[PDB]
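Understanding the architecture of this molecule
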Amino acid sequence: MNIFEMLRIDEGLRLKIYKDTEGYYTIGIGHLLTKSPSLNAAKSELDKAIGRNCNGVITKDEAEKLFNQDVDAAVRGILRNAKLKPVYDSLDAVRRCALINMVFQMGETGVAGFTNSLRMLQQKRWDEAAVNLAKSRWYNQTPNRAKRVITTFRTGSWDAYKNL
């Protein structure tokens, strides 16, 4: 398993504009288009993103292209972030994937807000950190996904995704 396979399990693939768990306009593999309530604003962002007139629909090809960009941006954001970088560097390969997953879902900013958990992950206090991560809006709003990510941090293995 790798980051792409992991995210693709968590996000799914939709070739038509759709709404977030959050109600936001999205397409592809969890590519947020706009936080704005207009389908029209979303359509406009979509065409801007792809470089063609899409009329709200893309190909698999285009979806994966956006996906490659989003993953690349997530990793680069982590590396540029003063709070994130140190944690990332301290982690093993599997756990690194779990941090990347969080960043992709919630953005650099959102994750950098989990001060106490970050501290515990750096210290390699896996069980403690898993309990602290669960105490969040994130876990209450998307519990099955959060619990997959959390197990990943707890165990350092891909078991949560084996099932799936």
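On to the environment of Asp-20, then. Examined against the element boundaries, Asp-20 turns out to sit in the loop between β1 (14–19) and β2 (25–28). As a C-alpha pair, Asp-20 and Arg-125 span 105 residues in sequence and 32 Å in three-dimensional space. If near-sequence neighbours (up to four positions away) are discounted, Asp-20 is found in contact with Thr-26 and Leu-32.

Ranked by size, the top nonpolar core spans 38 residues in total, and within it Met-102, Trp-138 and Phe-153 carry the most contacts. Ranked by residue count, the leading element in this core is helix α5 (residues 93–112), at 10 residues. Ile-17, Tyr-25, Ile-27 and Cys-54 belong to the second largest nonpolar core, which has 10 residues in total.

A few words now on the UniProt feature "binding site: substrate" in the chain. Under the local residue numbering, the UniProt record ascribes the feature "binding site: substrate" to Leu-32, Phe-104, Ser-117 and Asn-132. Taken along the chain, the residues just named run across 101 residues; in space they spread out, the farthest C-alpha pair reaching 27.2 Å. Along the chain, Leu-32 falls in strand β3 (residues 31–34). Excluding residues that lie within four positions of it along the chain, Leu-32 makes contacts with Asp-20, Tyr-24, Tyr-25 and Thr-26. One can find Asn-132 in helix α7 (residues 126–133).

Attention now moves to the UniProt feature "active site" in the chain. The sites that carry the UniProt feature "active site" are, in the present numbering, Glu-11 and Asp-20. Relative to the assigned elements, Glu-11 resides in helix α1 (residues 3–11). Filtering out sequence-adjacent residues up to four positions away, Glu-11 remains in contact with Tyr-18, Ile-29, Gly-30, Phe-104 and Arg-145. Taking relative accessible area as the criterion, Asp-20 reaches 29% and is therefore assigned partly exposed.

Criteria and thresholds
Residues numbered from 1 in each chain as written, not as in the entry; some residues may be left out. Heavy atoms only, no water. Helix = DSSP H or I, 4+ residues; strand = E, 2+ residues; numbered from the N terminus. Contact = heavy atoms within 4.5 Å. Core = buried A, V, L, I, M, F, W, Y, C linked by side-chain atoms within 4.5 Å. Buried < 20%, exposed > 50% of the residue type's maximum accessible area, 1.4 Å probe, protein only. UniProt positions renumbered as here; feature names shortened; annotations may be inferred.

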